[PDB]
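Engineer: Handing over protein.cif, mmCIF, N, CA and C atoms and all ligand atoms.
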```cif
data_protein
#
loop_
_atom_site.group_PDB
_atom_site.id
_atom_site.type_symbol
_atom_site.label_atom_id
_atom_site.label_comp_id
_atom_site.auth_asym_id
_atom_site.auth_seq_id
_atom_site.Cartn_x
_atom_site.Cartn_y
_atom_site.Cartn_z
ATOM 1 N N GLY A 491 134.590 57.014 51.028
ATOM 2 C CA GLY A 491 135.885 57.297 51.605
ATOM 3 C C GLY A 491 136.695 56.087 52.001
ATOM 4 N N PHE A 492 136.167 54.881 51.788
ATOM 5 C CA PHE A 492 136.861 53.649 52.143
ATOM 6 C C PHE A 492 137.030 52.707 50.957
ATOM 7 N N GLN A 493 136.630 53.123 49.757
ATOM 8 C CA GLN A 493 136.716 52.339 48.529
ATOM 9 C C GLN A 493 138.056 52.584 47.839
ATOM 10 N N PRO A 494 138.659 51.553 47.243
ATOM 11 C CA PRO A 494 140.023 51.694 46.713
ATOM 12 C C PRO A 494 140.116 52.648 45.530
ATOM 13 N N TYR A 495 141.254 53.337 45.453
ATOM 14 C CA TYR A 495 141.556 54.279 44.385
ATOM 15 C C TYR A 495 142.931 53.964 43.819
ATOM 16 N N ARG A 496 143.080 54.113 42.506
ATOM 17 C CA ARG A 496 144.360 53.922 41.838
ATOM 18 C C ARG A 496 144.976 55.282 41.539
ATOM 19 N N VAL A 497 146.203 55.493 42.008
ATOM 20 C CA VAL A 497 146.881 56.781 41.913
ATOM 21 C C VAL A 497 148.115 56.620 41.038
ATOM 22 N N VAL A 498 148.257 57.496 40.045
ATOM 23 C CA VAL A 498 149.426 57.541 39.175
ATOM 24 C C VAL A 498 150.068 58.916 39.313
ATOM 25 N N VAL A 499 151.364 58.939 39.609
ATOM 26 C CA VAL A 499 152.118 60.175 39.788
ATOM 27 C C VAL A 499 153.184 60.243 38.704
ATOM 28 N N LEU A 500 153.129 61.289 37.884
ATOM 29 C CA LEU A 500 154.085 61.506 36.807
ATOM 30 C C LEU A 500 155.037 62.627 37.197
ATOM 31 N N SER A 501 156.332 62.401 36.999
ATOM 32 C CA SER A 501 157.363 63.390 37.283
ATOM 33 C C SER A 501 158.221 63.584 36.043
ATOM 34 N N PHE A 502 158.428 64.838 35.648
ATOM 35 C CA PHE A 502 159.250 65.145 34.487
ATOM 36 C C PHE A 502 160.084 66.388 34.761
ATOM 37 N N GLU A 503 161.060 66.617 33.883
ATOM 38 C CA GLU A 503 161.926 67.787 33.929
ATOM 39 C C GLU A 503 161.793 68.537 32.613
ATOM 40 N N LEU A 504 161.852 69.865 32.674
ATOM 41 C CA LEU A 504 161.540 70.709 31.528
ATOM 42 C C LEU A 504 162.700 71.635 31.192
ATOM 43 N N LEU A 505 163.079 71.646 29.909
ATOM 44 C CA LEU A 505 163.888 72.702 29.287
ATOM 45 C C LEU A 505 165.280 72.843 29.904
ATOM 46 N N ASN A 506 165.864 71.743 30.387
ATOM 47 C CA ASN A 506 167.236 71.812 30.883
ATOM 48 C C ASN A 506 168.052 70.571 30.528
ATOM 49 N N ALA A 507 167.566 69.734 29.618
ATOM 50 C CA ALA A 507 168.233 68.487 29.270
ATOM 51 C C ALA A 507 167.738 68.050 27.899
ATOM 52 N N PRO A 508 168.478 67.175 27.209
ATOM 53 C CA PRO A 508 167.934 66.556 25.994
ATOM 54 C C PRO A 508 166.675 65.760 26.300
ATOM 55 N N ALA A 509 165.708 65.835 25.389
ATOM 56 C CA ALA A 509 164.371 65.318 25.629
ATOM 57 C C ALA A 509 164.040 64.199 24.654
ATOM 58 N N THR A 510 163.213 63.262 25.121
ATOM 59 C CA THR A 510 162.784 62.129 24.317
ATOM 60 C C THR A 510 161.275 61.931 24.286
ATOM 61 N N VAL A 511 160.511 62.645 25.108
ATOM 62 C CA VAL A 511 159.057 62.526 25.160
ATOM 63 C C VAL A 511 158.469 63.892 24.838
ATOM 64 N N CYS A 512 157.763 63.990 23.716
ATOM 65 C CA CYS A 512 157.112 65.218 23.282
ATOM 66 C C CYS A 512 155.635 64.981 22.989
ATOM 67 N N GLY A 513 154.938 66.073 22.685
ATOM 68 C CA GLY A 513 153.544 66.022 22.318
ATOM 69 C C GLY A 513 153.349 65.985 20.817
ATOM 70 N N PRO A 514 152.090 66.003 20.371
ATOM 71 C CA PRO A 514 151.787 65.910 18.927
ATOM 72 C C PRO A 514 151.884 67.245 18.191
ATOM 73 N N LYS A 515 153.112 67.625 17.852
ATOM 74 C CA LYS A 515 153.377 68.823 17.067
ATOM 75 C C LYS A 515 154.001 68.423 15.738
ATOM 76 N N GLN A 516 153.441 68.938 14.647
ATOM 77 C CA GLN A 516 153.965 68.659 13.319
ATOM 78 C C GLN A 516 155.151 69.565 13.018
ATOM 79 N N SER A 517 156.197 68.982 12.439
ATOM 80 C CA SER A 517 157.431 69.710 12.204
ATOM 81 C C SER A 517 157.313 70.599 10.968
ATOM 82 N N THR A 518 158.363 71.383 10.736
ATOM 83 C CA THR A 518 158.395 72.352 9.651
ATOM 84 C C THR A 518 159.823 72.423 9.128
ATOM 85 N N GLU A 519 159.966 72.479 7.801
ATOM 86 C CA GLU A 519 161.274 72.675 7.188
ATOM 87 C C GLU A 519 161.877 74.002 7.633
ATOM 88 N N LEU A 520 163.135 73.960 8.059
ATOM 89 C CA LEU A 520 163.783 75.116 8.659
ATOM 90 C C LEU A 520 164.408 76.011 7.595
ATOM 91 N N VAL A 521 164.486 77.303 7.912
ATOM 92 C CA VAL A 521 165.121 78.295 7.056
ATOM 93 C C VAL A 521 166.142 79.058 7.887
ATOM 94 N N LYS A 522 167.144 79.610 7.208
ATOM 95 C CA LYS A 522 168.241 80.302 7.866
ATOM 96 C C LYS A 522 168.353 81.731 7.350
ATOM 97 N N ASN A 523 169.117 82.536 8.096
ATOM 98 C CA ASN A 523 169.443 83.933 7.788
ATOM 99 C C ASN A 523 168.212 84.836 7.745
ATOM 100 N N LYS A 524 167.113 84.410 8.364
ATOM 101 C CA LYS A 524 165.932 85.239 8.562
ATOM 102 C C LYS A 524 165.465 85.053 9.998
ATOM 103 N N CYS A 525 164.914 86.112 10.586
ATOM 104 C CA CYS A 525 164.417 86.035 11.955
ATOM 105 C C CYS A 525 162.973 85.547 11.942
ATOM 106 N N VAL A 526 162.755 84.363 12.509
ATOM 107 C CA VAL A 526 161.447 83.732 12.580
ATOM 108 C C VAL A 526 161.218 83.273 14.011
ATOM 109 N N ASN A 527 159.948 83.143 14.389
ATOM 110 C CA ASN A 527 159.611 82.595 15.699
ATOM 111 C C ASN A 527 159.700 81.076 15.617
ATOM 112 N N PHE A 528 160.701 80.506 16.281
ATOM 113 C CA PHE A 528 161.031 79.100 16.132
ATOM 114 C C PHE A 528 160.453 78.282 17.284
ATOM 115 N N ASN A 529 160.707 76.975 17.237
ATOM 116 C CA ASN A 529 160.295 76.063 18.302
ATOM 117 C C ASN A 529 161.217 74.853 18.241
ATOM 118 N N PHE A 530 162.092 74.720 19.234
ATOM 119 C CA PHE A 530 163.060 73.626 19.304
ATOM 120 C C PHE A 530 162.803 72.860 20.596
ATOM 121 N N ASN A 531 161.970 71.819 20.499
ATOM 122 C CA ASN A 531 161.577 70.969 21.629
ATOM 123 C C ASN A 531 160.972 71.784 22.772
ATOM 124 N N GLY A 532 160.127 72.751 22.425
ATOM 125 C CA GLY A 532 159.475 73.590 23.406
ATOM 126 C C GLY A 532 160.179 74.894 23.713
ATOM 127 N N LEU A 533 161.283 75.192 23.034
ATOM 128 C CA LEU A 533 162.027 76.433 23.241
ATOM 129 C C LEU A 533 161.607 77.420 22.158
ATOM 130 N N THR A 534 160.709 78.334 22.512
ATOM 131 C CA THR A 534 160.184 79.307 21.568
ATOM 132 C C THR A 534 161.099 80.531 21.523
ATOM 133 N N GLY A 535 160.675 81.563 20.799
ATOM 134 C CA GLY A 535 161.466 82.768 20.658
ATOM 135 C C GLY A 535 161.697 83.138 19.208
ATOM 136 N N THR A 536 162.081 84.385 18.956
ATOM 137 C CA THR A 536 162.304 84.892 17.608
ATOM 138 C C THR A 536 163.768 85.273 17.448
ATOM 139 N N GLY A 537 164.378 84.839 16.352
ATOM 140 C CA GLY A 537 165.771 85.164 16.104
ATOM 141 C C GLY A 537 166.227 84.603 14.775
ATOM 142 N N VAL A 538 167.427 85.021 14.381
ATOM 143 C CA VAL A 538 168.030 84.614 13.118
ATOM 144 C C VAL A 538 168.804 83.321 13.336
ATOM 145 N N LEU A 539 168.532 82.321 12.504
ATOM 146 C CA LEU A 539 169.203 81.031 12.581
ATOM 147 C C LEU A 539 170.403 81.027 11.646
ATOM 148 N N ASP B 687 210.972 115.646 54.735
ATOM 149 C CA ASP B 687 212.339 115.757 55.222
ATOM 150 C C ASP B 687 212.512 117.049 56.009
ATOM 151 N N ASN B 688 213.243 116.962 57.117
ATOM 152 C CA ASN B 688 213.447 118.112 57.985
ATOM 153 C C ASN B 688 214.414 119.108 57.349
ATOM 154 N N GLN B 689 214.372 120.344 57.850
ATOM 155 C CA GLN B 689 215.229 121.405 57.325
ATOM 156 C C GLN B 689 215.924 122.249 58.382
ATOM 157 N N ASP B 690 215.514 122.181 59.659
ATOM 158 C CA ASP B 690 216.113 122.814 60.845
ATOM 159 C C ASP B 690 216.632 124.245 60.637
ATOM 160 N N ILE B 691 215.869 125.039 59.877
ATOM 161 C CA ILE B 691 216.290 126.392 59.517
ATOM 162 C C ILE B 691 216.318 127.292 60.751
ATOM 163 N N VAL B 692 217.091 128.373 60.649
ATOM 164 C CA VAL B 692 217.330 129.281 61.762
ATOM 165 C C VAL B 692 216.913 130.684 61.341
ATOM 166 N N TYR B 693 216.598 131.515 62.333
ATOM 167 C CA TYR B 693 216.116 132.870 62.105
ATOM 168 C C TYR B 693 217.233 133.863 62.404
ATOM 169 N N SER B 694 217.564 134.691 61.417
ATOM 170 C CA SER B 694 218.522 135.777 61.574
ATOM 171 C C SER B 694 217.828 137.086 61.234
ATOM 172 N N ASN B 695 218.001 138.089 62.090
ATOM 173 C CA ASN B 695 217.288 139.352 61.957
ATOM 174 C C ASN B 695 218.044 140.390 61.137
ATOM 175 N N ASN B 696 219.215 140.048 60.592
ATOM 176 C CA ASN B 696 219.988 141.003 59.806
ATOM 177 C C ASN B 696 220.616 140.351 58.579
ATOM 178 N N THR B 697 220.032 139.261 58.088
ATOM 179 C CA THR B 697 220.586 138.530 56.955
ATOM 180 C C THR B 697 219.453 138.132 56.021
ATOM 181 N N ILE B 698 219.636 138.377 54.724
ATOM 182 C CA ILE B 698 218.633 138.076 53.712
ATOM 183 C C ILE B 698 219.267 137.184 52.650
ATOM 184 N N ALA B 699 218.485 136.244 52.129
ATOM 185 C CA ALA B 699 218.911 135.387 51.031
ATOM 186 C C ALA B 699 218.413 135.975 49.718
ATOM 187 N N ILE B 700 219.288 136.013 48.718
ATOM 188 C CA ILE B 700 218.951 136.557 47.403
ATOM 189 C C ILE B 700 219.454 135.599 46.329
ATOM 190 N N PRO B 701 218.613 135.201 45.376
ATOM 191 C CA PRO B 701 219.073 134.303 44.313
ATOM 192 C C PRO B 701 220.019 135.008 43.355
ATOM 193 N N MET B 702 220.944 134.232 42.794
ATOM 194 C CA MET B 702 221.918 134.752 41.846
ATOM 195 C C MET B 702 221.770 134.161 40.451
ATOM 196 N N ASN B 703 220.822 133.250 40.241
ATOM 197 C CA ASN B 703 220.616 132.664 38.925
ATOM 198 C C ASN B 703 219.157 132.258 38.791
ATOM 199 N N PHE B 704 218.787 131.821 37.590
ATOM 200 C CA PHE B 704 217.408 131.437 37.332
ATOM 201 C C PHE B 704 217.369 130.305 36.318
ATOM 202 N N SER B 705 216.227 129.625 36.280
ATOM 203 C CA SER B 705 215.978 128.546 35.339
ATOM 204 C C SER B 705 214.534 128.624 34.870
ATOM 205 N N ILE B 706 214.265 127.958 33.752
ATOM 206 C CA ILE B 706 212.951 127.954 33.123
ATOM 207 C C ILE B 706 212.447 126.520 33.112
ATOM 208 N N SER B 707 211.258 126.305 33.668
ATOM 209 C CA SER B 707 210.705 124.971 33.835
ATOM 210 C C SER B 707 209.403 124.835 33.057
ATOM 211 N N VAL B 708 209.129 123.619 32.593
ATOM 212 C CA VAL B 708 207.884 123.294 31.907
ATOM 213 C C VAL B 708 207.200 122.179 32.685
ATOM 214 N N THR B 709 205.949 122.413 33.070
ATOM 215 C CA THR B 709 205.177 121.480 33.875
ATOM 216 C C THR B 709 203.926 121.057 33.114
ATOM 217 N N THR B 710 203.405 119.885 33.467
ATOM 218 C CA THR B 710 202.260 119.286 32.796
ATOM 219 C C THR B 710 201.063 119.251 33.737
ATOM 220 N N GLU B 711 199.879 119.559 33.207
ATOM 221 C CA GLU B 711 198.648 119.385 33.971
ATOM 222 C C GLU B 711 197.532 118.909 33.054
ATOM 223 N N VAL B 712 196.937 117.765 33.386
ATOM 224 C CA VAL B 712 195.944 117.107 32.542
ATOM 225 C C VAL B 712 194.583 117.200 33.220
ATOM 226 N N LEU B 713 193.577 117.666 32.474
ATOM 227 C CA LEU B 713 192.227 117.785 33.004
ATOM 228 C C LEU B 713 191.219 117.112 32.083
ATOM 229 N N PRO B 714 190.298 116.323 32.636
ATOM 230 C CA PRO B 714 189.207 115.778 31.822
ATOM 231 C C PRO B 714 188.225 116.865 31.418
ATOM 232 N N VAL B 715 187.565 116.647 30.282
ATOM 233 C CA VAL B 715 186.670 117.654 29.720
ATOM 234 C C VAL B 715 185.277 117.071 29.518
ATOM 235 N N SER B 716 185.190 115.941 28.822
ATOM 236 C CA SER B 716 183.911 115.346 28.466
ATOM 237 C C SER B 716 183.927 113.855 28.772
ATOM 238 N N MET B 717 182.770 113.224 28.581
ATOM 239 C CA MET B 717 182.617 111.791 28.770
ATOM 240 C C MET B 717 181.738 111.240 27.656
ATOM 241 N N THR B 718 181.642 109.915 27.601
ATOM 242 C CA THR B 718 180.913 109.255 26.527
ATOM 243 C C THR B 718 179.409 109.460 26.676
ATOM 244 N N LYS B 719 178.736 109.645 25.544
ATOM 245 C CA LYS B 719 177.291 109.823 25.503
ATOM 246 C C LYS B 719 176.631 108.501 25.137
ATOM 247 N N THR B 720 175.591 108.134 25.882
ATOM 248 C CA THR B 720 174.954 106.832 25.750
ATOM 249 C C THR B 720 173.444 107.010 25.676
ATOM 250 N N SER B 721 172.816 106.353 24.703
ATOM 251 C CA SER B 721 171.368 106.286 24.596
ATOM 252 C C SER B 721 170.901 104.886 24.975
ATOM 253 N N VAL B 722 169.773 104.812 25.677
ATOM 254 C CA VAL B 722 169.252 103.557 26.204
ATOM 255 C C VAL B 722 167.841 103.356 25.668
ATOM 256 N N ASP B 723 167.592 102.187 25.083
ATOM 257 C CA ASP B 723 166.270 101.801 24.615
ATOM 258 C C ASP B 723 165.556 101.053 25.734
ATOM 259 N N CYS B 724 164.349 101.509 26.081
ATOM 260 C CA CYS B 724 163.603 100.931 27.195
ATOM 261 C C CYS B 724 163.201 99.494 26.890
ATOM 262 N N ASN B 725 162.406 99.288 25.844
ATOM 263 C CA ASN B 725 162.274 97.944 25.308
ATOM 264 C C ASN B 725 163.538 97.585 24.532
ATOM 265 N N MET B 726 163.675 96.281 24.240
ATOM 266 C CA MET B 726 164.864 95.559 23.764
ATOM 267 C C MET B 726 165.871 95.380 24.903
ATOM 268 N N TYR B 727 165.594 95.964 26.070
ATOM 269 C CA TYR B 727 166.321 95.664 27.297
ATOM 270 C C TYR B 727 165.429 94.952 28.306
ATOM 271 N N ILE B 728 164.303 95.566 28.679
ATOM 272 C CA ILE B 728 163.327 94.901 29.530
ATOM 273 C C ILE B 728 162.571 93.832 28.756
ATOM 274 N N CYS B 729 162.536 93.948 27.435
ATOM 275 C CA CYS B 729 161.755 93.069 26.575
ATOM 276 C C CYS B 729 162.598 92.771 25.341
ATOM 277 N N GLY B 730 161.951 92.292 24.287
ATOM 278 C CA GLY B 730 162.616 92.096 23.015
ATOM 279 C C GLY B 730 162.189 90.807 22.352
ATOM 280 N N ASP B 731 161.683 90.923 21.119
ATOM 281 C CA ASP B 731 161.060 89.819 20.382
ATOM 282 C C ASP B 731 159.965 89.148 21.210
ATOM 283 N N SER B 732 159.194 89.968 21.927
ATOM 284 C CA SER B 732 158.157 89.467 22.827
ATOM 285 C C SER B 732 157.079 90.542 22.925
ATOM 286 N N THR B 733 155.985 90.353 22.185
ATOM 287 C CA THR B 733 154.892 91.315 22.191
ATOM 288 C C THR B 733 153.972 91.161 23.393
ATOM 289 N N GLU B 734 154.059 90.045 24.121
ATOM 290 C CA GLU B 734 153.243 89.879 25.319
ATOM 291 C C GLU B 734 153.699 90.812 26.434
ATOM 292 N N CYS B 735 155.010 90.989 26.587
ATOM 293 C CA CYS B 735 155.545 91.876 27.609
ATOM 294 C C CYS B 735 155.631 93.325 27.154
HETATM 295 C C1 LIG C 801 223.543 130.308 35.706
HETATM 296 O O1 LIG C 801 223.347 128.972 35.295
HETATM 297 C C2 LIG C 801 223.780 128.680 33.979
HETATM 298 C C3 LIG C 801 223.314 127.290 33.608
HETATM 299 O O2 LIG C 801 224.001 126.337 34.382
HETATM 300 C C4 LIG C 801 225.299 128.861 33.914
HETATM 301 O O3 LIG C 801 225.798 128.649 32.613
HETATM 302 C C5 LIG C 801 225.638 130.295 34.308
HETATM 303 O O4 LIG C 801 227.024 130.505 34.379
HETATM 304 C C6 LIG C 801 225.041 130.649 35.670
HETATM 305 N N1 LIG C 801 225.258 132.041 35.966
HETATM 306 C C7 LIG C 801 225.811 132.499 37.103
HETATM 307 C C8 LIG C 801 225.940 134.000 37.191
HETATM 308 O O5 LIG C 801 226.188 131.772 38.011
#
```
Reformat the file's structure so that it appears as structure tokens.
Structural biologist:
Amino acid sequence: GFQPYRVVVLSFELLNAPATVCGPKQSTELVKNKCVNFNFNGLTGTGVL
Amino acid sequence: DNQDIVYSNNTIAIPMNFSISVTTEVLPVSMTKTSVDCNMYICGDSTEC
């Protein structure tokens, strides 16, 4: 309880601003005029593009 | 508007001419019929919910 510890605190904001830090997700060629479950920087959902 | 009419016990009023009037009366009958889908309102493109 008296030995030194190194503390790192990370703070981020989600899904309300343009983003520059993402995880390891491989992209996919996009298609239009069909309803598909999409993913735009973590924004999921199904709809017609 | 006031009329201040008086009472006479031996005098009667009798009309001497007549007219024909046309009046309008509008009544509602029906209202719009609406169907509500339970899902696609509480849910939609979401099989988890
Ligand atoms: C009743 O009224 C009509 C319409 O104004 C008029 O032409 C006619 O002379 C009147 N009749 C009498 C008996 O006053």
Engineer: Write out as a ChimeraX atom specification each polymer residue (protein, DNA or RNA) that has an atom no more than 6.5 Å from ligand LIG 801 (chain C), with all atoms listed in the file counted.
Structural biologist: /B:702-704
Engineer: Which residues, named as in the file, does the PyMOL selection byres ((chain A) within 8 of (chain B)) pick out? Answer as a list in words.
Structural biologist: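 Against this file, the PyMOL selection byres ((chain A) within 8 of (chain B)) returns the residues residues 535, 536 and 537 of chain A.
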Engineer: Go through A:539, A:498, A:522, A:531 one by one, measure the shortest atom-to-atom distance of each to residue 510 of chain A using only C-alpha atoms, and give the residue with the smallest value.
Structural biologist: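 The closest residue to residue 510 of chain A is A:531.
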Engineer: State, in Å with one decimal place, the distance from atom C of residue 526 of chain A to atom N of residue 538 of chain A.
Structural biologist: 6.5 Å
Engineer: Can you measure atom CA of residue 689 of chain B to atom CA of residue 707 of chain B for me? One decimal in Å is fine.
Structural biologist: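 That distance, rounded to one decimal, is 24.2 Å.
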Engineer: Where's the centre, and what are the edge lengths in Å to one decimal, of a box along x, y and z enclosing all listed atoms of segment 500-517 of chain A padded 8 Å per side, as lines of an AutoDock Vina configuration file?
Structural biologist:
```
center_x = 160.1
center_y = 67.1
center_z = 24.4
size_x = 32.7
size_y = 27.6
size_z = 42.9
```
Engineer: To one decimal in Å, tell me the separation between atom CA of residue 516 of chain A and atom CA of residue 528 of chain A.
Structural biologist: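 So the two atoms, atom CA of residue 516 of chain A and atom CA of residue 528 of chain A, lie 12.9 Å apart.
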Engineer: How would segment 714-725 of chain B look written as a short mmCIF file (atom, residue, chain, number, x, y, z; two decimals), in the first residue's frame with C-alpha atoms?
Structural biologist:
```cif
data_model
loop_
_atom_site.label_atom_id
_atom_site.label_comp_id
_atom_site.auth_asym_id
_atom_site.auth_seq_id
_atom_site.Cartn_x
_atom_site.Cartn_y
_atom_site.Cartn_z
CA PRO B 714 -69.98 16.48 -38.54
CA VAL B 715 -70.61 12.83 -39.37
CA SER B 716 -67.37 10.83 -39.43
CA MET B 717 -63.66 11.13 -38.71
CA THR B 718 -60.44 9.71 -40.11
CA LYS B 719 -59.62 6.04 -39.55
CA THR B 720 -56.07 5.23 -38.43
CA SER B 721 -54.21 1.93 -38.02
CA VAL B 722 -51.16 1.75 -35.75
CA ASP B 723 -48.31 -0.77 -36.02
CA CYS B 724 -46.93 -1.71 -32.59
CA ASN B 725 -43.46 -2.50 -33.84
#
```
